[PDB]
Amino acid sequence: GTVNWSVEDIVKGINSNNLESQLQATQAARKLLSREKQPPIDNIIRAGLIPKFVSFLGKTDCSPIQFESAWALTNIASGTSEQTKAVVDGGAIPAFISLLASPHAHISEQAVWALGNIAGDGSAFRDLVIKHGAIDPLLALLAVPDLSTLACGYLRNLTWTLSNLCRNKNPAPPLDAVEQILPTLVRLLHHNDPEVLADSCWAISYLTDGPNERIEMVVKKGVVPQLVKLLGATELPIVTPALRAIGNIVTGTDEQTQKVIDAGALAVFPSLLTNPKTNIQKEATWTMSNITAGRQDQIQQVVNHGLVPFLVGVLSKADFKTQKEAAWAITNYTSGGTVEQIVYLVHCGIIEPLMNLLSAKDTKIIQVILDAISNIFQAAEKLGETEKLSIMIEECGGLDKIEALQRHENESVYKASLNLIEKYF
């Protein structure tokens, strides 16, 4: 009875003075906007209906029309930024925040959903949702002794909308807002539903992507151990955001990185660095490169966990992006590691996998590899075994590579190559 209407019919019903006719027309609009194939969002917008839907959102006496217009506006705001802007310009933000207090959970859920869609457009609409005062009523919906008493979908949508209020940068979410939200995020990170856990890890990942003060807000809440626990989950949808959050925390201070080491993260990296997913391997090797860029006690923690062989394996076979992050890890290890540690590197078999990558077209990776070779040679001088290193590099096909790199279009490549080809070869 409300299926396959026309925008003309929907408009004729919404512009009647019959609340039941308007309810029928708004339901027909919801069903139109609920279709997977080309929902006529732009036709509905041009018809001038968003204002009437927003006005229906305030009809507490007809909760059904509230719910239907909430659903309709949710799906309009789910689209392009211009469409979400139509929704916002109609005055829907304050109305949805008012609906967050509805006695009907199917209506407050839709208000949560619509505000999540609005805040997900970008930082400006996120901050406008926060200025209209959404965080207090949103977190109030989660103020329960046990979260398991709520409904799966309700909690999932609340967690999602909360993660979208932590999302986007330039600017990053307001600090007072992050402080208000984090406590509830920790609870949700300790929930049992994998969807809630995945969106909570995504939220933490957003909050940790920035200056070390943000990383510190998060780390000071004691979440690293739980993120490392979820890093070993069997559901990749949870492992990906968790690995991203841990890798972001490793971009800050050495003390913050130590928090990750102390939590046990390194014991999971044998599997992450052999993971069938290319992006898991890339993220894990990048995080390793930022750990090898830290203190020598942390490089020693890497060594102790048997992860140097896994980095050798990644430089031997992986996506070129993962191989490049591995090369960066090696260069950082050799730049700030002890001599003994560099000798361990060479004893694990780094030379040949590193030299077979001096045939790549990317210039940066060549620079990184050559800097690492230089570091290893310098470490060999302190031991007086640069001839052994030279024989090694020459017996895997390396000297040919460096010699040819002299004749490389780049300049830094040529000069580095030549200094190596002279001081040692």
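Sequential numbering from 1, following the sequence displayed.
Per-stretch averaging of Cα B factors for 84 to 92 and 275 to 283 places 275 to 283 on top.
As the entry records it, the average C-alpha temperature factor is higher for 378 to 386, out of 29 to 37 and 378 to 386.
The PDB entry assigns its highest CA temperature factor, among 98, 332, 123, 78, to 332.
Among the modelled residues of its chain, residue 44 has a C-alpha B-factor that falls in the middle third according to the deposited record. Per-chain ranking of the deposited C-alpha B factor places residue 354 in the highest third. Among the modelled residues of its chain, residue 167 has a C-alpha B-factor that falls in the lowest third, as given in the PDB entry. In the PDB entry, a CA B factor belonging to the highest third of its chain's modelled residues is recorded for residue 321.
When the modelled residues of the chain are ordered by C-alpha B-factor, residue 216 sits in the middle third.
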